Amino acid sequence: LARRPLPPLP
Amino acid sequence: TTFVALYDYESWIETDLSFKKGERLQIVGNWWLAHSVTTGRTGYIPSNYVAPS
């Protein structure tokens, strides 16, 4: 769960 | 230990928190387990959405 890719900014 | 949200984030999955810009989050990889005293929830937040207090 911690190693998921970062989401884009708003 | 405590980080502040740089942007609003909305989550619909039970593992991740929703939070508002400026919310203080206590940190319990890319996603961090955090606790919100505002909502009482514990869940993951994306680390690129927060900055140190």
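- By the method listed in its record, X-ray crystallography, this PDB entry was determined to a resolution of 1.6000 Å.

## Examining the pattern of salt bridges
- The tally for this structure, following the rule as stated, stands at one salt bridge over all chains.
- Salt-bridge contacts for B:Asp16 lead to A:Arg4; the nearest nitrogen and oxygen are separated by 2.8 Å.

## Some points on the side chain of B:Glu23
All names here are of chain B.
- Tracing the backbone shows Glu 23 in the loop between β1 (2–5) and β2 (24–27).
- Salt bridges are absent for the buried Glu 23, whose nearest opposite-charge side chain, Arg 41, sits at 9.3 Å.
- Contact partners of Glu 23, with chain neighbours within four places excluded, come to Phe 3, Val 4, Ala 5, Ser 36, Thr 38 and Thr 39.

What counts, and at which threshold
Residues numbered from 1 in each chain as written, not as in the entry; some residues may be left out. Chains lettered and ligands numbered in written order. Heavy atoms only, no water. Residues with missing side-chain atoms left out of burial classes, pairs and counts. Salt bridge = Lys/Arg side-chain N within 4 Å of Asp/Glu carboxyl O. Helix = DSSP H or I, 4+ residues; strand = E, 2+ residues; numbered from the N terminus. Buried < 20%, exposed > 50% of the residue type's maximum accessible area, 1.4 Å probe, protein only. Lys, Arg positive; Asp, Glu negative; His and termini not counted. Contact = heavy atoms within 4.5 Å.

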